[PDB]
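Inside the fold
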Amino acid sequence: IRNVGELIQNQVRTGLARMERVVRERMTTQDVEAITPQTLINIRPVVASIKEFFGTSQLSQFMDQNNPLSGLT
DNA sequence: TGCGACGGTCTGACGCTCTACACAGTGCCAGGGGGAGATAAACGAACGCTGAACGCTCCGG
């Protein structure tokens with residue numbers, strides 16, 4: 001079973017791989033002595049991957065609150 | 001040519017509502033052509049003013 005931690009970890013890994021591709025493309029077209037850690041990395045893929053996981057996914061489900069038993073189940 | 005078999009191709013895979021949701025990482029400005037809106041004038045029209053003018057009942061000396 002992929003629990004909640006492993007699923008969110010996989011989504012963060014996909015976002016970070018996209019970020020690594022973006023930063024590779026950035027450093028292939030950038031000069032040295034003008035690179036700052038605040039600049040060459042972009043957090044947009046990570047947040048986009050997380051938000052695309054928590055919504056419109058078959059795993060992150062709208063919790064049913066009919067009764068406590070349904071919540072636990 | 002006959003042979004299997006190898007492979008691609010192609011199809012659907014009972015029914016409805018109660019429910020039912022939305023969608024994400026990389027340039028920049030100058031010169032030039034059109035039409036939207038404000039402007040002040042214009043040719044023509046009819047819109048008013050001029051009371052005048054025709055005709056009526058009229059109270060009348």
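Cut-offs applied
- Residue labels here follow a simple count from 1 along each chain's written sequence instead of the entry's numbering, which may differ, and residues missing coordinates are not shown.
- To label them, take the chains in the order written and letter them from A, then take the ligands in the order written and number them from 1.
- Any value you read here covers just the chains shown, which are one part of a larger assembly.
- As a rule here, side-chain values cover all heavy atoms of the structure and leave hydrogens and water aside.
- By definition, any uninterrupted DSSP run of H or I lasting at least four residues is a helix, any uninterrupted run of E lasting at least two residues is a strand, and each is numbered from the N terminus.
- Put simply, the radius of gyration uses C-alpha atoms, and a globule should come to 2.2 Å times the residue count raised to 0.38.
- Relative accessibility thresholds used throughout: buried, under 20% of the residue-type maximum; exposed, over 50%; partly exposed, between the two (1.4 Å probe, protein chains only).
- What sets the accessible areas is the Shrake-Rupley method with a 1.4 Å probe; for residues, cover comes only from the shown protein chains.
- Throughout this document, a residue counts as near a molecule or strand when at least one of its heavy atoms sits within 4 Å of that molecule or strand.
- Each polar contact in these results corresponds to two N or O atoms within 3.5 Å; when the atoms are within protein, one needs to be able to donate a hydrogen and the other to accept it, and residues that are neighboring in sequence are counted only if both atoms are side-chain atoms.
- Each residue gets one label: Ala, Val, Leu, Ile, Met, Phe, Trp, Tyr, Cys and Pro are nonpolar, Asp, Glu, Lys and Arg are charged, and the others, such as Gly, are polar.
- Note on geometry: axes are C-alpha line fits, over the in-contact stretch for helices, and angles between N-to-C directions span 0 to 180 degrees.
- The hand of a helix crossing depends on one turn: near helix anticlockwise from the far one by less than a right angle means left-handed, and clockwise means right-handed.
- Contacts: residue pairs with any heavy atoms within 4.5 Å of one another.

Listed as the method for this PDB entry is cryo-EM; the listed resolution is 3.35 Å.

This brings us to the overall build of chain A. Within chain A, the secondary structure is distributed over 4 helices and 0 strands. Taken from the N to the C terminus, the helices and strands of chain A come in the order α-α-α-α. Relative to its length of 73 residues, chain A is extended, with a C-alpha radius of gyration of 18 Å against a globular reference of 11 Å. The principal-axis extent of the C-alpha atoms belonging to chain A is close to 60 × 20 × 15 Å. Expressed as a percentage of its 73 residues, the buried residues of chain A come to 14%. Counting every atom, chain A has about 6,500 Å² of accessible surface; 56% of that belongs to carbon and sulfur.

Below, the discussion takes up the protein's contact with DNA strand B. All residues in the neighbourhood of DNA strand B are listed as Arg18, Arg21, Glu25, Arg44, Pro45, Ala48, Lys51, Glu52 and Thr56. Backbone atoms, meaning sugar plus phosphate, form 30% of the atoms of DNA strand B positioned within 4 Å of the protein. In this structure, a base nitrogen belonging to DNA strand B sits 3.1 Å away from a side-chain N or O atom of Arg18. Listing elements by their share of the surface near DNA strand B, those giving two or more residues are α1 (4-28) and α3 (44-54). Ranked by residue count, the leading element in the surface near DNA strand B is α3, at 5 residues. By residue class, the composition of the surface near DNA strand B is 2 nonpolar, 1 polar and 6 charged.

Positive phi, normally seen in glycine, also occurs at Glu33, with a value near 75°. As for its position among the elements, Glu33 is in the loop between α1 and α2 (37-40). Among the residues examined, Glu33 registers a relative accessible area of 84% and is labelled exposed. Even without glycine at this site, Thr56 takes up a positive phi of about 55°. Residue position: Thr56 is located in the loop between α3 and α4 (68-72).

A few words now on the packing of α1 against α3. It is the contact of α1 with α3, at a shortest axis distance of 8 Å, that shows an interaxial angle of 145°. Relative to α3, α1 is oriented so that their crossing is right-handed. Mapping the contact onto sequence places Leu7, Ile8, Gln11, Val12, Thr14, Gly15, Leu16, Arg18 and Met19 in α1 and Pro45, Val46, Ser49, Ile50, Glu52, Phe53 and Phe54 in α3. Class assignment of the residues belonging to the contact of α1 with α3 gives a composition of 10 nonpolar, 4 polar and 2 charged.

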